[PDB]
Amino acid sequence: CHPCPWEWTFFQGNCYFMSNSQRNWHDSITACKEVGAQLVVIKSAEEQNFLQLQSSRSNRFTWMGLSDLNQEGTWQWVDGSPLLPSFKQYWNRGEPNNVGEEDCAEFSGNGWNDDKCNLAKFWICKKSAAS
């Protein structure tokens, strides 16, 4: 028994995969579902620190499963859970600024940034480690 499928990274009971191509927010969600996963929904500060490193390391702008599409200002993860105040510190300073309507969150630099959902970016999928 191995926790994750080949090519997927194991971290604290969960499996992660970062794309090698760029897609918009909605397409990234579909990309993850197609591999039995979900555009990464962060559940803890530790997980955030882990994921942020992968983006700041490779110096890549990456999608996460978070948006305020349904209600401007109200950020919600793709699984329905609301963005806890515990995570506000992660937005880069000045973010989220919603310029030109930015309703999708990405890992950008050392923190998060809200950007155009239709912009193509890399994405990270997450799914629980095998039983």
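Residue positions are given as counts along the sequence shown, with the first one as 1.
K.L.:
Averaged over C-alpha atoms, is the B-factor higher for 80-88 or for 96-104 in this PDB entry?
P.N.:
Between 96-104 and 80-88, it is 80-88 that shows the higher mean C-alpha B-factor.
K.L.:
Look over 20-28 and 111-119 in the entry and identify the one with the greater average Cα temperature factor.
P.N.:
In the deposited entry, the stretch with the higher C-alpha B-factor mean is 20-28.
K.L.:
For the CA B factor values reported in this entry, which option in 67, 56, 49, 38 has the top one?
P.N.:
Answer for 67, 56, 49, 38: 56, with the highest C-alpha B-factor.
K.L.:
With respect to C-alpha B-factor, does residue 124 fall in the lowest, middle or highest third of the chain as deposited?
P.N.:
Bottom third by C-alpha B-factor.
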